[PDB]
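Asker: This is target.csv, which holds CSV, N, CA and C atoms:
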```csv
chain,number,residue,atom,x,y,z
A,594,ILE,N,11.2,-139.6,-170.4
A,594,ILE,CA,12.1,-140.8,-170.2
A,594,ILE,C,13.2,-140.9,-171.2
A,595,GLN,N,12.8,-140.8,-172.5
A,595,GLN,CA,13.8,-140.8,-173.5
A,595,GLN,C,14.9,-139.7,-173.2
A,596,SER,N,14.4,-138.5,-173.0
A,596,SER,CA,15.4,-137.4,-172.6
A,596,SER,C,16.2,-137.8,-171.5
A,597,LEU,N,15.6,-138.3,-170.4
A,597,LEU,CA,16.3,-138.7,-169.2
A,597,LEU,C,17.2,-139.9,-169.6
A,598,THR,N,16.7,-140.8,-170.4
A,598,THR,CA,17.5,-141.9,-170.9
A,598,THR,C,18.7,-141.4,-171.7
A,599,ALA,N,18.5,-140.4,-172.6
A,599,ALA,CA,19.6,-139.8,-173.3
A,599,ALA,C,20.6,-139.2,-172.3
A,600,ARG,N,20.1,-138.5,-171.3
A,600,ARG,CA,20.9,-137.9,-170.3
A,600,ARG,C,21.3,-138.9,-169.2
A,601,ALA,N,20.7,-140.1,-169.2
A,601,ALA,CA,21.0,-141.1,-168.1
A,601,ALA,C,22.5,-141.4,-168.0
A,602,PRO,N,23.1,-142.1,-169.0
A,602,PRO,CA,24.5,-142.4,-168.9
A,602,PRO,C,25.4,-141.2,-168.7
A,603,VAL,N,25.1,-140.1,-169.4
A,603,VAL,CA,25.9,-138.9,-169.4
A,603,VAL,C,26.1,-138.4,-167.9
A,604,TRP,N,25.0,-138.4,-167.2
A,604,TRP,CA,25.1,-138.1,-165.8
A,604,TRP,C,25.9,-139.1,-165.0
A,605,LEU,N,25.7,-140.3,-165.2
A,605,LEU,CA,26.4,-141.4,-164.5
A,605,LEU,C,27.9,-141.2,-164.8
A,606,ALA,N,28.3,-141.2,-166.1
A,606,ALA,CA,29.7,-141.0,-166.5
A,606,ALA,C,30.2,-139.7,-165.8
A,607,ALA,N,29.4,-138.6,-165.8
A,607,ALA,CA,29.8,-137.4,-165.2
A,607,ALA,C,30.1,-137.6,-163.7
A,608,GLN,N,29.3,-138.4,-163.0
A,608,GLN,CA,29.6,-138.8,-161.7
A,608,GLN,C,30.9,-139.6,-161.6
A,609,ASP,N,31.0,-140.6,-162.5
A,609,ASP,CA,32.0,-141.6,-162.4
A,609,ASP,C,33.4,-140.9,-162.5
A,610,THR,N,33.7,-140.3,-163.6
A,610,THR,CA,35.0,-139.6,-163.7
A,610,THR,C,35.1,-138.6,-162.6
A,611,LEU,N,34.0,-137.9,-162.3
A,611,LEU,CA,34.0,-136.9,-161.2
A,611,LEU,C,34.5,-137.5,-159.9
A,612,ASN,N,34.0,-138.7,-159.6
A,612,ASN,CA,34.4,-139.4,-158.4
A,612,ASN,C,35.9,-139.6,-158.4
A,613,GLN,N,36.4,-140.1,-159.5
A,613,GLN,CA,37.9,-140.3,-159.6
A,613,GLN,C,38.6,-139.0,-159.5
A,614,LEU,N,38.1,-137.9,-160.2
A,614,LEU,CA,38.7,-136.6,-160.0
A,614,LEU,C,38.5,-136.2,-158.5
A,615,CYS,N,37.3,-136.4,-158.0
A,615,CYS,CA,37.1,-136.1,-156.6
A,615,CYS,C,38.0,-136.9,-155.7
A,616,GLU,N,38.3,-138.2,-156.1
A,616,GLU,CA,39.3,-139.0,-155.4
A,616,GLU,C,40.7,-138.5,-155.7
A,617,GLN,N,40.9,-138.0,-156.9
A,617,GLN,CA,42.3,-137.5,-157.2
A,617,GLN,C,42.7,-136.4,-156.3
A,618,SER,N,41.7,-135.6,-155.8
A,618,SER,CA,41.9,-134.6,-154.8
A,618,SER,C,41.6,-135.2,-153.4
A,619,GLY,N,42.4,-134.9,-152.4
A,619,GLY,CA,42.2,-135.3,-151.1
A,619,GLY,C,40.8,-134.8,-150.6
A,620,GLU,N,40.6,-133.5,-150.8
A,620,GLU,CA,39.3,-132.9,-150.4
A,620,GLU,C,38.2,-133.5,-151.3
A,621,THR,N,37.0,-133.7,-150.8
A,621,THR,CA,35.9,-134.2,-151.5
A,621,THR,C,35.0,-133.0,-152.0
A,622,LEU,N,34.7,-133.0,-153.3
A,622,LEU,CA,33.9,-132.0,-153.9
A,622,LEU,C,32.4,-132.3,-153.9
A,623,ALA,N,31.6,-131.4,-153.4
A,623,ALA,CA,30.2,-131.6,-153.2
A,623,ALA,C,29.3,-130.6,-153.9
A,624,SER,N,29.8,-129.5,-154.4
A,624,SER,CA,29.0,-128.5,-155.1
A,624,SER,C,29.8,-127.8,-156.2
A,625,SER,N,29.1,-127.4,-157.2
A,625,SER,CA,29.8,-126.7,-158.3
A,625,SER,C,30.5,-125.5,-157.8
A,626,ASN,N,29.9,-124.7,-156.9
A,626,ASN,CA,30.5,-123.6,-156.3
A,626,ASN,C,31.7,-124.1,-155.5
A,627,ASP,N,31.6,-125.2,-154.8
A,627,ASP,CA,32.7,-125.8,-154.1
A,627,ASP,C,33.8,-126.2,-155.0
A,628,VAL,N,33.4,-126.7,-156.2
A,628,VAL,CA,34.3,-127.1,-157.2
A,628,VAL,C,35.2,-125.9,-157.7
A,629,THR,N,34.5,-124.8,-157.9
A,629,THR,CA,35.2,-123.6,-158.3
A,629,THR,C,36.1,-123.1,-157.1
A,630,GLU,N,35.7,-123.2,-155.9
A,630,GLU,CA,36.5,-122.9,-154.7
A,630,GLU,C,37.8,-123.7,-154.7
A,631,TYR,N,37.6,-125.0,-154.9
A,631,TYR,CA,38.8,-125.9,-154.9
A,631,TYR,C,39.7,-125.5,-156.0
A,632,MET,N,39.1,-125.3,-157.2
A,632,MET,CA,39.9,-124.9,-158.4
A,632,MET,C,40.8,-123.6,-158.0
A,633,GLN,N,40.2,-122.6,-157.5
A,633,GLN,CA,40.9,-121.4,-157.2
A,633,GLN,C,41.9,-121.6,-156.1
A,634,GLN,N,41.6,-122.4,-155.1
A,634,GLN,CA,42.6,-122.8,-154.1
A,634,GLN,C,43.8,-123.4,-154.8
A,635,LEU,N,43.6,-124.3,-155.8
A,635,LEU,CA,44.6,-124.9,-156.5
A,635,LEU,C,45.4,-123.9,-157.3
A,636,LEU,N,44.7,-122.9,-157.9
A,636,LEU,CA,45.4,-121.9,-158.6
A,636,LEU,C,46.3,-121.1,-157.7
A,637,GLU,N,45.8,-120.7,-156.5
A,637,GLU,CA,46.7,-120.0,-155.6
A,637,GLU,C,47.9,-120.8,-155.1
A,638,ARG,N,47.7,-122.1,-154.9
A,638,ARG,CA,48.8,-122.9,-154.5
A,638,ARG,C,49.8,-123.0,-155.6
A,639,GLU,N,49.3,-123.1,-156.9
A,639,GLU,CA,50.2,-123.1,-158.0
A,639,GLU,C,51.0,-121.9,-158.1
A,640,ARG,N,50.4,-120.7,-158.0
A,640,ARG,CA,51.0,-119.4,-158.0
A,640,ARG,C,52.1,-119.3,-156.9
A,641,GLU,N,51.8,-119.7,-155.7
A,641,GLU,CA,52.8,-119.7,-154.7
A,641,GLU,C,53.9,-120.7,-155.0
A,642,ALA,N,53.6,-121.8,-155.5
A,642,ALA,CA,54.7,-122.8,-155.8
A,642,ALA,C,55.7,-122.2,-156.8
A,643,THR,N,55.1,-121.6,-157.9
A,643,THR,CA,56.0,-121.1,-158.9
A,643,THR,C,56.7,-119.9,-158.4
B,792,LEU,N,71.1,-87.2,-156.7
B,792,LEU,CA,70.5,-87.0,-158.0
B,792,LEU,C,70.4,-88.2,-158.9
B,793,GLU,N,71.5,-88.9,-158.9
B,793,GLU,CA,71.6,-90.2,-159.7
B,793,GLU,C,70.6,-91.2,-159.1
B,794,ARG,N,70.6,-91.4,-157.8
B,794,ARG,CA,69.7,-92.3,-157.2
B,794,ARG,C,68.2,-91.9,-157.4
B,795,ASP,N,67.9,-90.7,-157.6
B,795,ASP,CA,66.5,-90.3,-157.9
B,795,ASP,C,65.9,-91.1,-159.0
B,796,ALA,N,66.6,-91.2,-160.1
B,796,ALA,CA,66.1,-92.0,-161.2
B,796,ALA,C,66.0,-93.5,-160.9
B,797,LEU,N,67.0,-94.0,-160.2
B,797,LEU,CA,66.9,-95.4,-159.7
B,797,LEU,C,65.7,-95.6,-158.9
B,798,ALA,N,65.4,-94.7,-158.0
B,798,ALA,CA,64.2,-94.9,-157.1
B,798,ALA,C,62.9,-94.8,-157.9
B,799,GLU,N,62.9,-93.9,-158.9
B,799,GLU,CA,61.7,-93.7,-159.8
B,799,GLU,C,61.5,-95.0,-160.5
B,800,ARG,N,62.5,-95.6,-161.1
B,800,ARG,CA,62.4,-96.8,-161.8
B,800,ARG,C,62.0,-98.0,-160.9
B,801,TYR,N,62.5,-98.0,-159.7
B,801,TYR,CA,62.1,-99.1,-158.8
B,801,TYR,C,60.7,-98.9,-158.4
B,802,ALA,N,60.2,-97.7,-158.2
B,802,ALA,CA,58.8,-97.5,-157.8
B,802,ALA,C,57.9,-97.9,-159.0
B,803,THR,N,58.3,-97.6,-160.2
B,803,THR,CA,57.5,-98.1,-161.4
B,803,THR,C,57.4,-99.6,-161.4
B,804,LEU,N,58.6,-100.3,-161.2
B,804,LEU,CA,58.6,-101.7,-161.2
B,804,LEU,C,57.7,-102.3,-160.1
B,805,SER,N,57.8,-101.7,-158.9
B,805,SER,CA,57.0,-102.2,-157.8
B,805,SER,C,55.5,-102.0,-158.0
B,806,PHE,N,55.2,-100.9,-158.6
B,806,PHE,CA,53.8,-100.7,-159.0
B,806,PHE,C,53.3,-101.7,-160.0
B,807,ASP,N,54.1,-102.0,-161.0
B,807,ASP,CA,53.8,-103.0,-162.0
B,807,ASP,C,53.6,-104.4,-161.3
B,808,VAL,N,54.5,-104.7,-160.4
B,808,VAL,CA,54.4,-106.0,-159.7
B,808,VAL,C,53.1,-106.0,-158.9
B,809,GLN,N,52.7,-104.9,-158.2
B,809,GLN,CA,51.5,-104.9,-157.4
B,809,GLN,C,50.3,-105.0,-158.4
B,810,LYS,N,50.3,-104.3,-159.5
B,810,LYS,CA,49.2,-104.4,-160.4
B,810,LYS,C,49.0,-105.8,-160.9
B,811,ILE,N,50.1,-106.5,-161.3
B,811,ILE,CA,50.0,-107.9,-161.8
B,811,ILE,C,49.5,-108.8,-160.7
B,812,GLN,N,50.0,-108.6,-159.5
B,812,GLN,CA,49.5,-109.4,-158.3
B,812,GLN,C,48.0,-109.2,-158.1
B,813,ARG,N,47.5,-108.0,-158.2
B,813,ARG,CA,46.1,-107.7,-158.0
B,813,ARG,C,45.3,-108.3,-159.1
B,814,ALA,N,45.8,-108.2,-160.4
B,814,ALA,CA,45.0,-108.8,-161.5
B,814,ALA,C,44.9,-110.3,-161.3
B,815,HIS,N,46.0,-110.9,-160.9
B,815,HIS,CA,46.0,-112.4,-160.7
B,815,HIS,C,45.0,-112.7,-159.6
B,816,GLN,N,45.0,-112.0,-158.5
B,816,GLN,CA,44.1,-112.2,-157.4
B,816,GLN,C,42.6,-112.0,-157.8
B,817,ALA,N,42.4,-111.0,-158.6
B,817,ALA,CA,41.0,-110.8,-159.1
B,817,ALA,C,40.6,-111.9,-160.0
B,818,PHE,N,41.5,-112.4,-160.9
B,818,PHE,CA,41.2,-113.6,-161.7
B,818,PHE,C,40.9,-114.8,-160.9
B,819,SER,N,41.7,-115.0,-159.8
B,819,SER,CA,41.4,-116.1,-158.9
B,819,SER,C,40.1,-116.1,-158.3
B,820,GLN,N,39.7,-114.9,-157.7
B,820,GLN,CA,38.4,-114.7,-157.1
B,820,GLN,C,37.3,-114.9,-158.2
B,821,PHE,N,37.5,-114.3,-159.4
B,821,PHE,CA,36.6,-114.5,-160.5
B,821,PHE,C,36.3,-116.0,-160.6
B,822,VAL,N,37.4,-116.8,-161.0
B,822,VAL,CA,37.2,-118.2,-161.3
B,822,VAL,C,36.5,-118.9,-160.1
B,823,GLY,N,36.8,-118.5,-158.9
B,823,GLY,CA,36.1,-119.0,-157.7
B,823,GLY,C,34.6,-118.9,-157.8
B,824,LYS,N,34.2,-117.7,-158.2
B,824,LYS,CA,32.8,-117.3,-158.2
B,824,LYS,C,32.1,-117.6,-159.6
B,825,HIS,N,32.9,-117.8,-160.6
B,825,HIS,CA,32.5,-117.5,-162.0
B,825,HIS,C,32.5,-118.6,-163.0
B,826,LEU,N,33.4,-119.6,-162.8
B,826,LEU,CA,33.6,-120.6,-163.9
B,826,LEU,C,32.3,-121.4,-164.2
B,827,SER,N,31.4,-121.5,-163.2
B,827,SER,CA,30.2,-122.4,-163.4
B,827,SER,C,29.4,-122.0,-164.6
B,828,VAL,N,29.4,-120.7,-164.9
B,828,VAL,CA,28.5,-120.2,-166.0
B,828,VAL,C,29.4,-119.5,-167.1
B,829,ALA,N,30.7,-119.5,-167.0
B,829,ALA,CA,31.5,-118.8,-167.9
B,829,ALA,C,31.3,-119.3,-169.3
B,830,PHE,N,31.2,-118.4,-170.3
B,830,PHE,CA,31.1,-118.7,-171.7
B,830,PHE,C,29.8,-119.5,-172.1
B,831,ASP,N,28.8,-119.5,-171.2
B,831,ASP,CA,27.6,-120.2,-171.5
B,831,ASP,C,26.7,-119.3,-172.4
B,832,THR,N,25.7,-119.9,-173.0
B,832,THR,CA,24.8,-119.2,-173.9
B,832,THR,C,24.0,-118.1,-173.2
B,833,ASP,N,23.6,-117.1,-174.0
B,833,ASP,CA,22.8,-116.0,-173.4
B,833,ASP,C,21.4,-116.4,-173.2
B,834,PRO,N,20.9,-116.3,-171.9
B,834,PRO,CA,19.5,-116.6,-171.7
B,834,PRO,C,18.5,-115.5,-172.3
B,835,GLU,N,18.9,-114.3,-172.2
B,835,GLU,CA,17.9,-113.2,-172.6
B,835,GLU,C,17.4,-113.4,-174.0
B,836,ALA,N,18.2,-113.8,-175.0
B,836,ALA,CA,17.7,-114.1,-176.3
B,836,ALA,C,16.7,-115.2,-176.3
B,837,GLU,N,17.0,-116.3,-175.6
B,837,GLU,CA,16.1,-117.4,-175.5
B,837,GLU,C,14.8,-117.1,-174.9
B,838,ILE,N,14.9,-116.3,-173.8
B,838,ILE,CA,13.6,-115.9,-173.1
B,838,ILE,C,12.8,-115.0,-174.0
B,839,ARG,N,13.4,-114.1,-174.7
B,839,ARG,CA,12.6,-113.3,-175.7
B,839,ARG,C,12.0,-114.1,-176.8
B,840,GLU,N,12.7,-115.1,-177.3
B,840,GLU,CA,12.2,-116.0,-178.3
B,840,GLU,C,11.0,-116.8,-177.7
```
Mind turning this structure into structure tokens?

Answerer:
Amino acid sequence: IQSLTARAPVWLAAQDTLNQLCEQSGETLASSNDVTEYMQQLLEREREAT
Amino acid sequence: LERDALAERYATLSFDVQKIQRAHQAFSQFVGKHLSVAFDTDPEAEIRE
């Protein structure tokens, strides 16, 4: 419990900002692999834009 | 004869462009598959310990 308690807010904060970041992107992020996929899509878009 | 060297230099530049493009694409694919565990601690040492 203590461990979970120690990790309790950290997870929540992790979600909280994540949500905003997830909201900052039109696409909704649901998995760390999906997060990397969205990242690399963004990298490709940036490369094309430049 | 003159244009021979021009074509050689153009081919070298084109190959450089292709190499840089392929390196960038490989890095993109990497980060797509890779960032989740990049730079994390080594498990093997922990498992042996």

Asker: Between atom N of residue 818 of chain B and atom N of residue 803 of chain B, measure the distance and give it in Å to one decimal.

Answerer: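 Separating atom N of residue 818 of chain B from atom N of residue 803 of chain B is a distance of 22.4 Å.
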
Asker: Output the contact residues of chain B with respect to chain A at a cut-off of 8 Å, based on only N, CA and C atoms, as a PyMOL selection string.

Answerer: chain B and resi 818-827

Asker: With only C-alpha atoms as the atoms that count, which of B:839, B:815, B:828, B:795 lies nearest to residue 639 of chain A?

Answerer: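 Closest to residue 639 of chain A, using only C-alpha atoms: B:815.
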
Asker: What does the structure give for the distance between atom C of residue 596 of chain A and atom N of residue 608 of chain A, in Å to one decimal?

Answerer: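 The value is 15.6 Å.
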
Asker: Provide the atom CA of residue 817 of chain B to atom N of residue 638 of chain A distance in Å, to one decimal place.

Answerer: 13.8 Å

Asker: As a PyMOL selection string, please: every residue in chain A that DSSP puts in alpha helix (DSSP H).

Answerer: chain A and resi 595-617+625-642
